[PDB]
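Engineer: Contents of target-v4.tsv (TSV, N, CA, C and O atoms) are given next:
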chain	number	residue	atom	x	y	z
A	1	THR	N	0.81	-1.22	0.00
A	1	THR	CA	0.00	0.00	0.00
A	1	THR	C	0.82	1.23	0.00
A	1	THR	O	0.45	2.24	-0.61
A	2	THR	N	1.87	1.19	0.84
A	2	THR	CA	2.70	2.37	0.98
A	2	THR	C	3.80	2.70	-0.08
A	2	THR	O	4.47	1.82	-0.54
A	3	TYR	N	3.91	3.98	-0.41
A	3	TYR	CA	4.90	4.48	-1.34
A	3	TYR	C	5.95	5.27	-0.56
A	3	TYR	O	5.62	6.01	0.37
A	4	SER	N	7.21	5.12	-0.95
A	4	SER	CA	8.29	5.83	-0.29
A	4	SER	C	8.74	7.01	-1.15
A	4	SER	O	8.18	7.27	-2.22
A	5	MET	N	9.76	7.72	-0.68
A	5	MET	CA	10.31	8.82	-1.45
A	5	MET	C	10.91	8.31	-2.76
A	5	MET	O	11.55	7.25	-2.79
A	6	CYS	N	10.72	9.08	-3.83
A	6	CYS	CA	11.37	8.79	-5.10
A	6	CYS	C	12.88	8.80	-4.92
A	6	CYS	O	13.43	9.73	-4.33
A	7	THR	N	13.55	7.81	-5.51
A	7	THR	CA	14.99	7.68	-5.32
A	7	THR	C	15.81	8.27	-6.45
A	7	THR	O	17.03	8.42	-6.28
A	8	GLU	N	15.21	8.62	-7.59
A	8	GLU	CA	15.99	9.00	-8.76
A	8	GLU	C	15.95	10.51	-9.00
A	8	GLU	O	15.35	11.28	-8.24
A	9	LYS	N	16.60	10.93	-10.09
A	9	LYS	CA	16.76	12.34	-10.40
A	9	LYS	C	15.52	12.89	-11.10
A	9	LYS	O	14.87	12.19	-11.88
A	10	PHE	N	15.19	14.14	-10.80
A	10	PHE	CA	14.15	14.88	-11.49
A	10	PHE	C	14.80	15.86	-12.46
A	10	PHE	O	16.01	16.10	-12.43
A	11	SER	N	13.97	16.47	-13.30
A	11	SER	CA	14.39	17.63	-14.06
A	11	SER	C	13.25	18.64	-14.05
A	11	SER	O	12.09	18.29	-13.82
A	12	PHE	N	13.59	19.89	-14.31
A	12	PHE	CA	12.58	20.94	-14.46
A	12	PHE	C	12.10	20.91	-15.90
A	12	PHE	O	12.77	21.40	-16.81
A	13	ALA	N	10.92	20.31	-16.12
A	13	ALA	CA	10.30	20.38	-17.44
A	13	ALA	C	9.81	21.79	-17.74
A	13	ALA	O	9.87	22.24	-18.89
A	14	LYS	N	9.31	22.49	-16.73
A	14	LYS	CA	8.99	23.90	-16.84
A	14	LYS	C	9.62	24.60	-15.64
A	14	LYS	O	9.34	24.22	-14.50
A	15	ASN	N	10.47	25.58	-15.90
A	15	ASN	CA	11.11	26.32	-14.83
A	15	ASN	C	10.07	27.12	-14.05
A	15	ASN	O	9.03	27.48	-14.58
A	16	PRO	N	10.34	27.41	-12.78
A	16	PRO	CA	9.37	28.15	-11.97
A	16	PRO	C	8.99	29.47	-12.61
A	16	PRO	O	9.84	30.19	-13.14
A	17	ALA	N	7.70	29.77	-12.56
A	17	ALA	CA	7.14	31.00	-13.11
A	17	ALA	C	6.24	31.65	-12.07
A	17	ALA	O	5.43	30.98	-11.43
A	18	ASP	N	6.40	32.96	-11.92
A	18	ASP	CA	5.54	33.77	-11.06
A	18	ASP	C	4.07	33.63	-11.48
A	18	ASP	O	3.72	33.80	-12.65
A	19	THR	N	3.21	33.32	-10.51
A	19	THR	CA	1.78	33.22	-10.78
A	19	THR	C	1.06	34.56	-10.74
A	19	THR	O	-0.10	34.64	-11.15
A	20	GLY	N	1.72	35.60	-10.26
A	20	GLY	CA	1.06	36.85	-9.99
A	20	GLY	C	0.36	36.91	-8.65
A	20	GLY	O	-0.31	37.90	-8.36
A	21	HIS	N	0.53	35.87	-7.83
A	21	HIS	CA	-0.11	35.75	-6.53
A	21	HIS	C	0.89	35.41	-5.43
A	21	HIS	O	0.52	34.83	-4.41
A	22	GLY	N	2.16	35.75	-5.61
A	22	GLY	CA	3.19	35.44	-4.63
A	22	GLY	C	3.64	34.00	-4.61
A	22	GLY	O	4.46	33.62	-3.75
A	23	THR	N	3.15	33.18	-5.54
A	23	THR	CA	3.55	31.79	-5.68
A	23	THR	C	4.24	31.58	-7.02
A	23	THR	O	4.28	32.48	-7.87
A	24	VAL	N	4.84	30.41	-7.18
A	24	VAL	CA	5.43	29.99	-8.44
A	24	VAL	C	4.88	28.62	-8.78
A	24	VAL	O	4.56	27.82	-7.90
A	25	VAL	N	4.72	28.37	-10.07
A	25	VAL	CA	4.35	27.06	-10.58
A	25	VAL	C	5.52	26.55	-11.39
A	25	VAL	O	6.21	27.32	-12.08
A	26	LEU	N	5.77	25.26	-11.28
A	26	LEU	CA	6.80	24.61	-12.06
A	26	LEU	C	6.30	23.22	-12.41
A	26	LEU	O	5.39	22.69	-11.78
A	27	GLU	N	6.93	22.63	-13.42
A	27	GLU	CA	6.63	21.27	-13.81
A	27	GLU	C	7.89	20.42	-13.68
A	27	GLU	O	8.95	20.80	-14.20
A	28	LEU	N	7.76	19.29	-13.02
A	28	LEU	CA	8.85	18.33	-12.86
A	28	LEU	C	8.66	17.15	-13.80
A	28	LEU	O	7.54	16.70	-14.02
A	29	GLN	N	9.77	16.63	-14.31
A	29	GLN	CA	9.81	15.34	-14.98
A	29	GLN	C	10.71	14.41	-14.18
A	29	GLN	O	11.74	14.84	-13.65
A	30	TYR	N	10.31	13.15	-14.07
A	30	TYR	CA	11.02	12.18	-13.25
A	30	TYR	C	11.68	11.15	-14.15
A	30	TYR	O	11.09	10.71	-15.14
A	31	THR	N	12.89	10.75	-13.79
A	31	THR	CA	13.65	9.82	-14.61
A	31	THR	C	13.57	8.38	-14.13
A	31	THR	O	13.91	7.48	-14.90
A	32	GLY	N	13.11	8.15	-12.91
A	32	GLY	CA	13.13	6.81	-12.35
A	32	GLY	C	11.89	6.01	-12.69
A	32	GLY	O	10.91	6.50	-13.24
A	33	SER	N	11.95	4.72	-12.33
A	33	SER	CA	10.85	3.80	-12.59
A	33	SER	C	10.29	3.20	-11.30
A	33	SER	O	9.59	2.19	-11.35
A	34	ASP	N	10.59	3.81	-10.15
A	34	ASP	CA	10.11	3.32	-8.86
A	34	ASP	C	8.79	3.95	-8.43
A	34	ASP	O	8.38	3.79	-7.27
A	35	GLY	N	8.11	4.66	-9.33
A	35	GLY	CA	6.82	5.23	-9.02
A	35	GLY	C	5.74	4.18	-8.86
A	35	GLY	O	5.86	3.06	-9.37
A	36	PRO	N	4.66	4.51	-8.14
A	36	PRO	CA	4.41	5.79	-7.47
A	36	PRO	C	5.33	6.02	-6.29
A	36	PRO	O	5.69	5.08	-5.57
A	37	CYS	N	5.72	7.28	-6.09
A	37	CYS	CA	6.66	7.62	-5.05
A	37	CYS	C	6.48	9.09	-4.70
A	37	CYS	O	5.96	9.88	-5.49
A	38	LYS	N	6.89	9.44	-3.48
A	38	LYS	CA	6.73	10.80	-2.96
A	38	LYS	C	7.89	11.68	-3.41
A	38	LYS	O	9.06	11.31	-3.26
A	39	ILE	N	7.57	12.85	-3.95
A	39	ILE	CA	8.60	13.75	-4.46
A	39	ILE	C	9.31	14.46	-3.32
A	39	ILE	O	8.67	15.17	-2.54
A	40	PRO	N	10.63	14.32	-3.20
A	40	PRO	CA	11.37	15.13	-2.22
A	40	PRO	C	11.57	16.54	-2.74
A	40	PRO	O	12.44	16.80	-3.57
A	41	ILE	N	10.74	17.47	-2.29
A	41	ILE	CA	10.80	18.84	-2.78
A	41	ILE	C	10.63	19.79	-1.61
A	41	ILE	O	9.84	19.54	-0.69
A	42	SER	N	11.40	20.86	-1.61
A	42	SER	CA	11.27	21.88	-0.58
A	42	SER	C	11.85	23.18	-1.10
A	42	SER	O	12.39	23.25	-2.21
A	43	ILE	N	11.69	24.23	-0.29
A	43	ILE	CA	12.29	25.53	-0.53
A	43	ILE	C	13.23	25.77	0.63
A	43	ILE	O	12.88	25.49	1.78
A	44	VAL	N	14.43	26.25	0.32
A	44	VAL	CA	15.47	26.39	1.33
A	44	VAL	C	16.13	27.75	1.17
A	44	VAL	O	16.06	28.39	0.11
A	45	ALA	N	16.78	28.20	2.24
A	45	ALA	CA	17.44	29.49	2.19
A	45	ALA	C	18.70	29.42	1.36
A	45	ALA	O	19.11	30.43	0.76
A	46	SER	N	19.34	28.26	1.33
A	46	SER	CA	20.61	28.09	0.63
A	46	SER	C	20.87	26.60	0.53
A	46	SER	O	20.25	25.80	1.23
A	47	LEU	N	21.80	26.24	-0.35
A	47	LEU	CA	22.10	24.82	-0.51
A	47	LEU	C	22.88	24.26	0.69
A	47	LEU	O	22.91	23.04	0.88
A	48	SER	N	23.47	25.11	1.52
A	48	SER	CA	24.17	24.60	2.69
A	48	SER	C	23.27	24.46	3.92
A	48	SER	O	23.69	23.84	4.90
A	49	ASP	N	22.05	24.98	3.89
A	49	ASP	CA	21.12	24.80	5.00
A	49	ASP	C	19.76	24.47	4.39
A	49	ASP	O	19.04	25.38	3.96
A	50	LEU	N	19.42	23.18	4.38
A	50	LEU	CA	18.20	22.69	3.74
A	50	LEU	C	17.01	22.68	4.69
A	50	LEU	O	16.05	21.93	4.47
A	51	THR	N	17.08	23.46	5.77
A	51	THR	CA	15.92	23.73	6.59
A	51	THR	C	14.77	24.23	5.71
A	51	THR	O	14.94	25.23	5.01
A	52	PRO	N	13.60	23.58	5.74
A	52	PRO	CA	12.52	24.00	4.84
A	52	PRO	C	11.93	25.33	5.27
A	52	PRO	O	11.69	25.57	6.45
A	53	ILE	N	11.72	26.21	4.29
A	53	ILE	CA	11.09	27.51	4.51
A	53	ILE	C	10.11	27.72	3.37
A	53	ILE	O	9.84	26.79	2.59
A	54	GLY	N	9.59	28.94	3.24
A	54	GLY	CA	8.54	29.03	2.24
A	54	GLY	C	7.33	28.20	2.66
A	54	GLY	O	7.10	27.88	3.83
A	55	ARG	N	6.54	27.83	1.65
A	55	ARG	CA	5.32	27.08	1.90
A	55	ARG	C	4.96	26.35	0.62
A	55	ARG	O	4.90	26.96	-0.45
A	56	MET	N	4.73	25.04	0.72
A	56	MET	CA	4.22	24.31	-0.43
A	56	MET	C	2.73	24.56	-0.55
A	56	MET	O	1.99	24.43	0.43
A	57	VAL	N	2.29	24.96	-1.73
A	57	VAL	CA	0.85	25.01	-1.99
A	57	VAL	C	0.36	23.63	-2.41
A	57	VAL	O	-0.58	23.08	-1.81
A	58	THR	N	0.99	23.06	-3.43
A	58	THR	CA	0.79	21.67	-3.81
A	58	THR	C	1.64	20.81	-2.87
A	58	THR	O	2.78	20.47	-3.16
A	59	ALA	N	1.06	20.44	-1.73
A	59	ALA	CA	1.80	19.72	-0.70
A	59	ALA	C	1.84	18.24	-1.01
A	59	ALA	O	0.91	17.69	-1.59
A	60	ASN	N	2.94	17.59	-0.62
A	60	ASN	CA	3.09	16.15	-0.74
A	60	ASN	C	2.81	15.59	-2.14
A	60	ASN	O	2.13	14.56	-2.27
A	61	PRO	N	3.34	16.20	-3.20
A	61	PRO	CA	3.05	15.68	-4.54
A	61	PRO	C	3.74	14.35	-4.79
A	61	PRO	O	4.80	14.06	-4.25
A	62	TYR	N	3.12	13.55	-5.63
A	62	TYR	CA	3.61	12.27	-6.01
A	62	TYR	C	3.88	12.08	-7.51
A	62	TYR	O	3.27	12.66	-8.29
A	63	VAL	N	4.88	11.27	-7.80
A	63	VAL	CA	5.08	10.74	-9.11
A	63	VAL	C	4.01	9.65	-9.12
A	63	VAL	O	4.00	8.83	-8.30
A	64	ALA	N	3.18	9.65	-10.13
A	64	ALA	CA	1.94	8.87	-10.05
A	64	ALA	C	2.09	7.46	-10.58
A	64	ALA	O	1.30	6.58	-10.20
A	65	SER	N	3.09	7.21	-11.41
A	65	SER	CA	3.18	5.99	-12.19
A	65	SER	C	4.59	5.44	-12.13
A	65	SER	O	5.56	6.20	-12.01
A	66	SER	N	4.71	4.11	-12.22
A	66	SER	CA	6.01	3.52	-12.51
A	66	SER	C	6.54	3.93	-13.88
A	66	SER	O	7.67	3.58	-14.22
A	67	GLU	N	5.75	4.66	-14.67
A	67	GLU	CA	6.23	5.06	-15.97
A	67	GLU	C	7.24	6.18	-15.82
A	67	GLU	O	7.06	7.09	-15.01
A	68	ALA	N	8.31	6.11	-16.60
A	68	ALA	CA	9.32	7.16	-16.57
A	68	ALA	C	8.87	8.37	-17.38
A	68	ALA	O	8.06	8.26	-18.31
A	69	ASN	N	9.39	9.54	-16.99
A	69	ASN	CA	9.28	10.80	-17.73
A	69	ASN	C	7.88	11.42	-17.71
A	69	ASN	O	7.55	12.22	-18.59
A	70	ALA	N	7.05	11.11	-16.73
A	70	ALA	CA	5.77	11.80	-16.66
A	70	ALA	C	5.94	13.09	-15.87
A	70	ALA	O	6.88	13.25	-15.09
A	71	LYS	N	5.03	14.03	-16.09
A	71	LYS	CA	5.20	15.37	-15.53
A	71	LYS	C	4.30	15.55	-14.32
A	71	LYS	O	3.24	14.93	-14.22
A	72	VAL	N	4.78	16.34	-13.36
A	72	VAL	CA	4.02	16.66	-12.15
A	72	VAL	C	4.08	18.17	-11.97
A	72	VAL	O	5.17	18.76	-12.03
A	73	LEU	N	2.94	18.79	-11.76
A	73	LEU	CA	2.87	20.24	-11.61
A	73	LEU	C	2.85	20.58	-10.13
A	73	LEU	O	2.02	20.06	-9.38
A	74	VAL	N	3.74	21.48	-9.71
A	74	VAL	CA	3.80	21.86	-8.30
A	74	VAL	C	3.70	23.38	-8.17
A	74	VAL	O	4.36	24.11	-8.92
A	75	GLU	N	2.87	23.86	-7.25
A	75	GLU	CA	2.82	25.28	-6.90
A	75	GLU	C	3.42	25.48	-5.52
A	75	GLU	O	3.17	24.69	-4.61
A	76	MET	N	4.21	26.54	-5.35
A	76	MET	CA	4.78	26.75	-4.03
A	76	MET	C	4.92	28.23	-3.78
A	76	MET	O	4.88	29.04	-4.70
A	77	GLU	N	5.06	28.58	-2.50
A	77	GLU	CA	5.09	29.98	-2.12
A	77	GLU	C	6.46	30.29	-1.53
A	77	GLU	O	6.72	29.97	-0.36
A	78	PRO	N	7.37	30.89	-2.29
A	78	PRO	CA	8.68	31.18	-1.75
A	78	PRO	C	8.60	32.20	-0.62
A	78	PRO	O	7.63	32.98	-0.54
A	79	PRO	N	9.59	32.22	0.26
A	79	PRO	CA	9.70	33.32	1.22
A	79	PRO	C	10.14	34.58	0.51
A	79	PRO	O	10.72	34.54	-0.57
A	80	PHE	N	9.88	35.71	1.16
A	80	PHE	CA	10.46	36.97	0.69
A	80	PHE	C	11.98	36.84	0.61
A	80	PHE	O	12.61	36.22	1.48
A	81	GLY	N	12.55	37.41	-0.44
A	81	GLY	CA	14.00	37.43	-0.56
A	81	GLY	C	14.52	36.34	-1.47
A	81	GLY	O	13.84	35.95	-2.42
A	82	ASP	N	15.71	35.83	-1.18
A	82	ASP	CA	16.35	34.80	-1.99
A	82	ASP	C	16.07	33.42	-1.40
A	82	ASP	O	16.04	33.25	-0.18
A	83	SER	N	15.87	32.44	-2.28
A	83	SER	CA	15.70	31.08	-1.80
A	83	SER	C	16.05	30.13	-2.95
A	83	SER	O	16.32	30.56	-4.07
A	84	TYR	N	16.05	28.84	-2.65
A	84	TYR	CA	16.27	27.81	-3.66
A	84	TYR	C	15.16	26.78	-3.58
A	84	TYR	O	14.79	26.33	-2.49
A	85	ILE	N	14.62	26.42	-4.74
A	85	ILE	CA	13.73	25.27	-4.85
A	85	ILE	C	14.61	24.05	-5.07
A	85	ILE	O	15.39	24.02	-6.03
A	86	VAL	N	14.53	23.06	-4.19
A	86	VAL	CA	15.38	21.89	-4.28
A	86	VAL	C	14.51	20.65	-4.46
A	86	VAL	O	13.53	20.45	-3.73
A	87	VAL	N	14.88	19.81	-5.42
A	87	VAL	CA	14.14	18.59	-5.72
A	87	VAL	C	15.12	17.44	-5.69
A	87	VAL	O	16.13	17.47	-6.40
A	88	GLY	N	14.81	16.42	-4.90
A	88	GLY	CA	15.72	15.31	-4.70
A	88	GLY	C	16.78	15.61	-3.65
A	88	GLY	O	16.91	16.72	-3.14
A	89	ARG	N	17.57	14.60	-3.35
A	89	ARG	CA	18.54	14.68	-2.27
A	89	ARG	C	19.90	14.20	-2.75
A	89	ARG	O	20.00	13.37	-3.66
A	90	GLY	N	20.95	14.70	-2.10
A	90	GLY	CA	22.28	14.16	-2.35
A	90	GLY	C	22.71	14.35	-3.79
A	90	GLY	O	22.56	15.42	-4.38
A	91	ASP	N	23.26	13.29	-4.38
A	91	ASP	CA	23.73	13.40	-5.75
A	91	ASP	C	22.61	13.37	-6.77
A	91	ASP	O	22.88	13.49	-7.96
A	92	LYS	N	21.35	13.24	-6.33
A	92	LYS	CA	20.21	13.40	-7.22
A	92	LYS	C	19.57	14.77	-7.13
A	92	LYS	O	18.63	15.05	-7.88
A	93	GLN	N	20.07	15.65	-6.26
A	93	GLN	CA	19.42	16.95	-6.04
A	93	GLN	C	19.58	17.88	-7.23
A	93	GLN	O	20.67	18.03	-7.79
A	94	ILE	N	18.47	18.52	-7.64
A	94	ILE	CA	18.52	19.66	-8.54
A	94	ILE	C	18.01	20.87	-7.79
A	94	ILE	O	17.33	20.75	-6.77
A	95	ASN	N	18.34	22.05	-8.30
A	95	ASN	CA	17.96	23.27	-7.59
A	95	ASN	C	17.68	24.38	-8.58
A	95	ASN	O	18.21	24.40	-9.69
A	96	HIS	N	16.83	25.32	-8.17
A	96	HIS	CA	16.59	26.52	-8.96
A	96	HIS	C	16.48	27.70	-8.01
A	96	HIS	O	15.71	27.67	-7.05
A	97	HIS	N	17.27	28.74	-8.28
A	97	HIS	CA	17.21	29.93	-7.44
A	97	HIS	C	15.93	30.69	-7.71
A	97	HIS	O	15.37	30.66	-8.81
A	98	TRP	N	15.44	31.38	-6.67
A	98	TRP	CA	14.28	32.23	-6.81
A	98	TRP	C	14.51	33.50	-6.01
A	98	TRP	O	15.00	33.45	-4.87
A	99	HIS	N	14.14	34.64	-6.58
A	99	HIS	CA	14.15	35.91	-5.87
A	99	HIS	C	12.75	36.51	-5.81
A	99	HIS	O	12.14	36.75	-6.86
A	100	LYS	N	12.27	36.78	-4.60
A	100	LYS	CA	10.96	37.36	-4.37
A	100	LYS	C	11.08	38.73	-3.70
A	100	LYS	O	11.69	38.85	-2.64
A	101	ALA	N	10.50	39.71	-4.30
A	101	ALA	CA	10.52	41.03	-3.71
A	101	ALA	C	9.33	41.24	-2.78
A	101	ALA	O	8.59	40.38	-2.43
A	102	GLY	N	9.16	42.49	-2.47
A	102	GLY	CA	8.12	43.00	-1.59
A	102	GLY	C	8.62	44.31	-1.11
A	102	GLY	O	9.29	45.01	-1.85
Translate the structure described by the file into structure tokens.

Structural biologist:
Amino acid sequence: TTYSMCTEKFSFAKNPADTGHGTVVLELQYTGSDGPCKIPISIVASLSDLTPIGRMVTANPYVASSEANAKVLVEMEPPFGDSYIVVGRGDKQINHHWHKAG
């Protein structure tokens, strides 16, 4: 019954884009075949401190299928200032910088 965290690398199929509402939407593509699995995704202040900040709007998203290369749409709310969207862990981690004004 239970699904664990996805173990493989993701890519940004669509880079984060401002929604006009203080959030960003992005699309992920997954390279692994261990789906369904939970996407390791968060917003962090920097790559050296992965303490989660910001706020996920699309919380707890999943890769839905054992099929490779399917897309998952995620909305998230960065904190004011500079942050990084990080997907995956360790040598599978990808990241995208984000700057939010106010």

Engineer: Write out as a VMD selection string which residues come within 6 Å of residue 88 in chain A when counting all atoms listed in the file, dropping same-chain ones fewer than 3 positions away.

Structural biologist: chain A and resid 8 40 to 41 92 to 94

Engineer: Compare A:63, A:25, A:56, A:73 by their minimum atom-to-atom distance to residue 42 in chain A, counting all atoms listed in the file, and give me the closest one.

Structural biologist: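 Ranking A:63, A:25, A:56, A:73 by distance to residue 42 in chain A, first place goes to A:56.
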
Engineer: Between A:97, A:4, A:21, A:86, which residue has the minimum interatomic distance to residue 62 in chain A, considering only N, CA, C and O atoms?

Structural biologist: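 Closest to residue 62 in chain A of all the choices is A:4.
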
Engineer: Give me, please, the distance in Å between atom N of residue 57 in chain A and CA of residue 24 in chain A, quoted to one decimal.

Structural biologist: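 Going from atom N of residue 57 in chain A over to CA of residue 24 in chain A covers 9.0 Å.
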
Engineer: Given the point (5.5, 5.8, -13.3) in the coordinates of this file, which residues lie within 8 Å, counting all atoms listed in the file, and how would they look as a list in words?

Structural biologist: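 Checking each residue against the 8 Å limit leaves residues 30, 32, 33, 34, 35, 36, 37, 63, 64, 65, 66, 67, 68, 69 and 70 of chain A.
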
Engineer: Please, what distance in Å, to one decimal, runs between CA of residue 9 in chain A and CA of residue 74 in chain A?

Structural biologist: 16.2 Å

Engineer: Identify, with DSSP run on backbone atoms, the residues in chain A assigned to strand (DSSP E or B), and express the list as a PyMOL selection string.

Structural biologist: chain A and resi 5+10-18+24-30+37-38+41-46+49-53+55-56+62-63+71-77+81-87+94-100

Engineer: Taking into account only C-alpha atoms, which residue in the set A:13, A:43, A:87, A:50 is nearest to residue 99 in chain A?

Structural biologist: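 That would be A:43, the residue with the smallest distance to residue 99 in chain A.
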